[PDB]
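Engineer:
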Amino acid sequence: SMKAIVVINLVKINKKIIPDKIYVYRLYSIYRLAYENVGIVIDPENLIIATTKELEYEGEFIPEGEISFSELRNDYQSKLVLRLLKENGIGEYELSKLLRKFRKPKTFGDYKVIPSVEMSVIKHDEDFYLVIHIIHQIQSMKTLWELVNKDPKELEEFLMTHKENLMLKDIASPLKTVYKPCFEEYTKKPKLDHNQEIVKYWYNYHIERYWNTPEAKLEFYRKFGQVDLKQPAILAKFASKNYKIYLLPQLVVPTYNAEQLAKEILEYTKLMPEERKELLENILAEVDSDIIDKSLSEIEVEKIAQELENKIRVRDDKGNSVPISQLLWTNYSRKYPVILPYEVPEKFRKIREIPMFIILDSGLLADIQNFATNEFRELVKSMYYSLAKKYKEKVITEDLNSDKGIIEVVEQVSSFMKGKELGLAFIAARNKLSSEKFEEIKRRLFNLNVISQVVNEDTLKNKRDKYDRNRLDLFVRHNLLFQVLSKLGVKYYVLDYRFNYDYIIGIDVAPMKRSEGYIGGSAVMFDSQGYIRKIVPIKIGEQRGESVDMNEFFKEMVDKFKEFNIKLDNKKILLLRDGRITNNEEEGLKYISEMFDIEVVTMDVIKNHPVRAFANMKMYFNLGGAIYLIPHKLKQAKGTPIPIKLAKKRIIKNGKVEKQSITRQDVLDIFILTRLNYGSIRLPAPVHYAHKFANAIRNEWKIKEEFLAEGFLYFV
């Protein structure tokens, strides 16, 4: 595949913006200081600022002396340039308002979707570019208290389910400060207090502190009403950026970062590449300044050959090997396709039987239930003589939407599973079910040694085969089978590729305390042949500082693997994580580098960045010294592809770090590692699964080391 030119969401900045004289200093924080002083922050800890104006701050500061722009490291030049763009009126506040002139806030139910732009500066080859990235916030139109019908229980019920993404904006504050509710460490239990004295004080705090006038007070009571002493106070910390604030549900509205996370809404937040291109152009043409280009930049990208997309194949019982990418007399049979695995966990050799549960959501239409039971029966058949092509059925119907039905389901299954090692559940559920109810049904069935596979009403009504409405699309069937097999540790595919590593390891850092545990994170391992072989928990001691002893974390990784039948000693590994490899993580990796003579290759894998290429095709390009890679297209879903950002690569030998450079080879490694999705209806497989597992541990999933020892993705 040749190259191509694609437009990106960057607009070149005029060098005339670069400051004449910069003043340095040493020590409404240090950041606000610099900011108000039209300057930035050179050194975090040392408290070192760099302003472009004479610092006004009668305080503990030492004037180090003027500095020239060329002296600041790139990051600071860019950060400094950013601050300077703001002074010329080019900032998120302003451009977000311009955006909303063409893309207005839309209300859905009790929620409002608010468009705005996220701005940053990127220095690319001696030049600075402003990245303007369109984003959305989903803010509730009703206060949290109103939203939960002023019921204490229903309230605690809210903070719990939405715990992972919930934010609360104090609409009663002139600053509209956003907060994050606090939760009792290692629990879904939100920090609360029904002490009316706390409620009164803080409700009163607002009026006294911001609406001290009669009209203002009128407005306040008109808007918020009296103090509902029946509401508990919610303990919280700022979301921005150890210190806790009290929030009153009656005065806070729940908010969410759309991108960080409902059909309706989703159809509004997803924008086509041309829609983003256009909206940015509309904003630019509304920007009154030649301090930035009038048009979006174009860059040369490397297209990714379609061949590199067929290196993963599956085969049938005959000799038919085909790349995971998709008349005969038998095409009338509902029989699921046949897949001949390349490897099957040795566990299935001893195992006697395997109970098969068909759990039907009673809320689904009878014909939908009937359809699902037939689909699953066919799936189980292919499931079998797939698990042993190289060498019982209980139907449960309950209201999967009520807590009472989920209980009866788990009990009825528990009943049949007593005495058995492994069980399987095929569940048909209405789309109404929350993630929570799905996660609970799944986790509760696993405590009973039952792996499960959910198929929702949607898939059942819009994915039928063109020639047989009483059968699922061949595409979907294959993917259902791949999912189940992956959940069972089956190597059902083969990769025409070899990683130049011993093992590729994805780690996740996430503190959790488990009944006899106290776990700091997770790690998942893939061999050079591209298969998942080990999924381990990473237990640690009660951490000292407010950080995590990564040295202990990584040392336990090796030890825990050595215990799982894998010794990383004198081996070369590619270690990845979700995000930038932090300093502590680097040191931790150097430590484990000498202590076991391990050649560690690592780099930043960033999925949360604003750079966007307004083209829907596989590609990669160098921008600002980092690599941006779009591993796959989009065929059904609306939207703009999100690149995976690759950067700050290093090699670690005997505790020594050698900053490196990313090669087309590295990009190919992430690419293939990313192509491994296991038929899921964005991140490299290793990293993605470490995260799913770190999530399973924090949700109380049982930890079957028998299963994880052979890569069962039973929690995924």
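The authors' numbering puts the sequence shown at residues 0 to 26, 39 to 252, 258 to 277, 282 to 346, 355 to 419, 442 to 731, 736 to 770. Heads up, the beta-carbon is just placed ideally off N, CA and C, and yes, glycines get one too.
Grouping DSSP H, G and I as helix and E and B as strand, with all else coil, what is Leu762?
Structural biologist: Reduced to three states, the DSSP call for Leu762 is helix.
Engineer: Per DSSP, what are the beta-bridge partners of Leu679 in this structure?
Structural biologist: BP columns for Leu679 point to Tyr670, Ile694.
Engineer: Assign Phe249 to one of two classes, buried (16 or more other C-beta atoms within 10 Å of its C-beta) or exposed (fewer than that).
Structural biologist: So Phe249 ends up on the exposed side.
Engineer: On the premise that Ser464 lies in contact with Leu767, defined as a C-beta separation below 8 Å, what is that separation, rounded to the nearest angstrom?
Structural biologist: Wrong, their Cβ atoms sit about 23 Å apart, outside the cutoff.
Engineer: Is it a yes or a no for the segment 365–373 touching the segment 604–613, going by three-plus beta-carbon pairs under 8 Å?
Structural biologist: The segment 365–373 is not in contact with the segment 604–613.
Engineer: Do the CB positions of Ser317 and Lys685 come within less than 9 Å of each other?
Structural biologist: Their beta carbons are not under 9 Å apart, which means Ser317 does not touch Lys685 by this criterion.
Engineer: Measuring CB to CB, does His745 end up less than 9 Å from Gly556?
Structural biologist: Yes. Within cutoff.
Engineer: Excluding the five sequence neighbours on either side, which residues of its own chain have a C-beta within less than 6 Å of the C-beta of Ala748, listed in chain order?
Structural biologist: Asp558, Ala560, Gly571, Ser572, listed in sequence order.
Engineer: Taking all protein chains shown into account, decide if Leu355 is buried (16 or more other Cβ within 10 angstroms of its Cβ) or exposed.
Structural biologist: Exposed: under 16 other Cβ atoms inside 10 Å.
Engineer: The beta strand (DSSP E) spanning residue 776 covers which residue range?
Structural biologist: The shown model of the chain, from 0 to 770, leaves out residue 776, and the question about it has no answer.
Engineer: Distance check for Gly473 and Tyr413, CA to CA, integer angstroms please.
Structural biologist: If you take the alpha carbons of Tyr413 and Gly473, they lie about 16 Å apart.
Engineer: For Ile582, which of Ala739, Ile501, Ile631 has the nearest alpha-carbon?
Structural biologist: Comparing Cα-Cα distances from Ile582 to each of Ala739, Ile501, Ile631, the minimum goes to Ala739.
Engineer: May I have the straight-line CA-CA distance separating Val574 from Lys584, to the nearest angstrom?
Structural biologist: Each residue's alpha carbon lies about 6 Å from the other.
Engineer: Hey, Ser390 and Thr447 are a contact pair by Cβ (cut 8 Å); roughly how many whole angstroms apart?
Structural biologist: Sure, about 5 Å apart at Cβ, within 8 Å.
Engineer: Got a sec, what are the start and stop residues for the beta strand (DSSP E) residue 732 sits in?
Structural biologist: The gap in the chain between 731 and 736 takes in residue 732, so it carries no coordinates here.
Engineer: Taking the straight line between their C-alpha atoms, what separation do you get for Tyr364 and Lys513?
Structural biologist: Taking the straight line joining both Cα atoms gives about 15 Å.
Engineer: Would you call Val445 buried or exposed, if buried means 16 or more other Cβ atoms sit within 10 Å of its Cβ?
Structural biologist: Exposed: under 16 other Cβ atoms inside 10 Å.
Engineer: Measuring alpha carbon to alpha carbon, tell me which residue in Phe376, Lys688, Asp121 is nearest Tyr419.
Structural biologist: Checking every option, the nearest Cα to that of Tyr419 belongs to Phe376.
Engineer: Residue range of the alpha helix (DSSP H) that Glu301 falls in?
Structural biologist: 293–304 is the extent of the alpha helix (DSSP H) around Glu301.
Engineer: With DSSP as the reference, identify every bridge partner of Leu522, one or two as the case may be.
Structural biologist: According to DSSP, which records beta bridges pairwise, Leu522 is partnered with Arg514.
Engineer: Express the C-alpha separation of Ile324 and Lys668 in angstroms, rounding to a whole number.
Structural biologist: About 5 Å.
Engineer: Within 10 Å of its beta-carbon, does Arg233 have 16 or more other beta-carbons around it, so buried, or fewer, so exposed?
Structural biologist: By the 10 Å Cβ count, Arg233 comes out exposed.
Engineer: Pick from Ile590, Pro74, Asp599, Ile16: whose alpha carbon is nearest that of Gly100?
Structural biologist: Comparing Cα positions, the closest option is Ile16.
Engineer: If you compare alpha carbons, which of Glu298, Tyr216, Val307 is closest to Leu96?
Structural biologist: If we check each option's Cα against that of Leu96, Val307 comes out closest.
Engineer: Closest by CA to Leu545, which one among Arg564, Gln579, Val526, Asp518?
Structural biologist: Ranking the options by Cα distance to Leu545, first place goes to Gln579.
Engineer: Between the segment 211–222 and the segment 178–191, can you find at least three pairs of beta-carbon atoms closer than 8 Å?
Structural biologist: Yes, the segment 178–191 is in contact with the segment 211–222.
Engineer: Looking only at DSSP bridge pairs, what is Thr271 linked to?
Structural biologist: Note: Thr271 sits in a beta bridge opposite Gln150, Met178.
Engineer: So is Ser315 buried or exposed if we call it buried at 16+ other beta carbons inside 10 Å?
Structural biologist: Looking at its Cβ environment, which holds fewer than 16 other Cβ atoms inside 10 Å, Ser315 is exposed.
Engineer: Using only the alpha-carbon positions, how far apart do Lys482 and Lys516 sit?
Structural biologist: One C-alpha to the other measures close to 26 Å.
Engineer: Where does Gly539 land, buried or exposed, given buried means 16+ other C-beta within 10 angstroms?
Structural biologist: Result: buried.
Engineer: Using a Cβ distance threshold of 8 Å, determine whether the segment 114–131 contacts the segment 195–207, with at least three qualifying pairs required.
Structural biologist: Judged by Cβ distances under 8 Å, the segment 114–131 makes no contact with the segment 195–207, as fewer than three pairs qualify.
Engineer: Put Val307 into one of helix, strand or coil per three-state DSSP.
Structural biologist: Coil.
Engineer: Could you tell me which of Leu264, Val741, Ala227 sits nearest to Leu158, measuring between CA atoms?
Structural biologist: The option with the nearest alpha carbon to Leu158 is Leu264.
Engineer: Name the DSSP beta bridge partners of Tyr262, please?
Structural biologist: Looking at the DSSP assignment, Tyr262 forms a beta bridge with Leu246.
Engineer: Enumerate, from N- to C-terminal direction, the unbroken beta strand (DSSP E) stretches of 3 or more residues contained entirely within the segment 576–636.
Structural biologist: Runs found: 582–589, 622–627.
Engineer: How about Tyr212 and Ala247: do their beta carbons lie closer than 9 Å?
Structural biologist: No; because the gap between Cβ atoms is not below 9 Å, this pair is not in contact.
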